[PDB]
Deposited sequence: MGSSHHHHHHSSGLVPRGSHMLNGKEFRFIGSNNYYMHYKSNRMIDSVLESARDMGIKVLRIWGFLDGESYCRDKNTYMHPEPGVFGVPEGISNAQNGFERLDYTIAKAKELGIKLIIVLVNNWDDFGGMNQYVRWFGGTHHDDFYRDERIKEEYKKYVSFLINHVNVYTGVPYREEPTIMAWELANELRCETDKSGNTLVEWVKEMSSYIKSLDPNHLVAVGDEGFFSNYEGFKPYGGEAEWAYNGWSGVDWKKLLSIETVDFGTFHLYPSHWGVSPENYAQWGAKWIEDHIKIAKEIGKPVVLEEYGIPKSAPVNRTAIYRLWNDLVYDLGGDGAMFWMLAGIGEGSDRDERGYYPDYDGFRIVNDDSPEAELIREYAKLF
């Protein structure tokens, strides 16, 4: 059946949909619907006992333990919070991309898996049979989970648009790109064996691996073009069990100069759409951001990048990040979840929010 509240799209990201309250979850989704944002990319992970304790929310505190440990009381189950988010998204017509582990250490990530299994390097996550088996166990538990607000397991839920393997996965110990390609083939194929209904994407930042005729604007952030991170986007996007390509865009973090943020991002977008079009798969700019304190006009940079994705036939453009009302120690001078990283947009009268509303109508 249908989602009561309900292709190319404006989307956004929000990482707290699996551990905050109903009021805060409803605020993000209602903002997304009010702004015309069709797709929200969210975290579906919370790995490791310290991380779960810190949020009083449990998903994967130890190997083979899913949800709240027997014997911990008064804790939230992150599956129940993700259930609420998915049921409210269905009501509000918002499609979700759910990411299954983090490359980074926030919410435990790959390093939490490596610690549980006694490895010594982040990239052991891609290599050690015992770690791969635990990731598969967690993904199988999640995809088969029956949503307590709908009755429908996630495998059969149409409000979920895609599973994503890993947020910003890198493998700096194999700059040929092959270790990541092999792991993405195994895990995208495994998810397709579990779930014949949903799209699968990788979730990588879109780095290239020294391709003829592709060089960075201005010679800056050359590592994003030359394969340093062990991401070879062309090889990833060619995997049969990957349905669309993802790329992210953060010139301020990547070493680009502020006077070059706009043009570097523009060339980056042009290069990714050109490659995706020749391969013949959809491409989504799934995270982009410029810090609020940048000495250039953020709204005009975001206008340029959205215009490019729209004019060149990209399938989606998703800003990092959308927040709504805050509570507790996460509330700012106006009652919103705070802008901790400089990227937050809320449904207000800021020029960025107005621009997003404008482009949500165009896409």
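Ranges missing from the model, given as deposited sequence positions: Counting from residue 1, the stretches without coordinates are 1 to 8, 15 to 26.
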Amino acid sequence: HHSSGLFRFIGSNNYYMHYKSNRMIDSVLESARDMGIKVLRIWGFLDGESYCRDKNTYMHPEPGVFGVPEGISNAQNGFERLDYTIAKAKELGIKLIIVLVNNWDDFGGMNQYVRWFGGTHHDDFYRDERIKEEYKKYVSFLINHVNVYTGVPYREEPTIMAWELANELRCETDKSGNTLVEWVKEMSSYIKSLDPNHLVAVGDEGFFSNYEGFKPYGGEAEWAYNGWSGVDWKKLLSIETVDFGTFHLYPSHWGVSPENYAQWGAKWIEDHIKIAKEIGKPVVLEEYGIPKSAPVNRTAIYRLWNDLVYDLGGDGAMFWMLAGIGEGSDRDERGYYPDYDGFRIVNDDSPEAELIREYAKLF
From here on, numbers count along this sequence of modelled residues.
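Between the two ranges 70 to 78 and 155 to 163, the one averaging a larger CA B factor in the entry: According to the PDB entry, the answer is 70 to 78.
Stretch exceeding the other in mean C-alpha B-factor - 207 to 215, 247 to 255: Of 247 to 255 and 207 to 215, the stretch with the higher C-alpha B-factor average is 207 to 215.
Highest-ranked of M321, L40, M59, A294 once sorted by CA temperature factor in the record: Highest C-alpha B-factor among the listed options: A294.
Residue selected from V139, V101, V181, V283 by maximal Cα B factor: It is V181.
Assigned third (lowest, middle, highest) for the C-alpha B factor of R170: Within its chain, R170 is a lowest-third residue by C-alpha B-factor, going by the deposited values.
Where the record places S21 (Cα B-factor, split into thirds across the chain): According to the entry, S21 has a C-alpha B-factor in the chain's middle third.
Third of chain Cα B-factors occupied by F343: Middle third by C-alpha B-factor.
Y310 - Cα temperature factor, lowest/middle/highest third of chain: Highest third, going by the recorded CA B-factors of the chain.
Modelled-residue ranking by C-alpha temperature factor, third containing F117: Highest third, going by the recorded CA B-factors of the chain.
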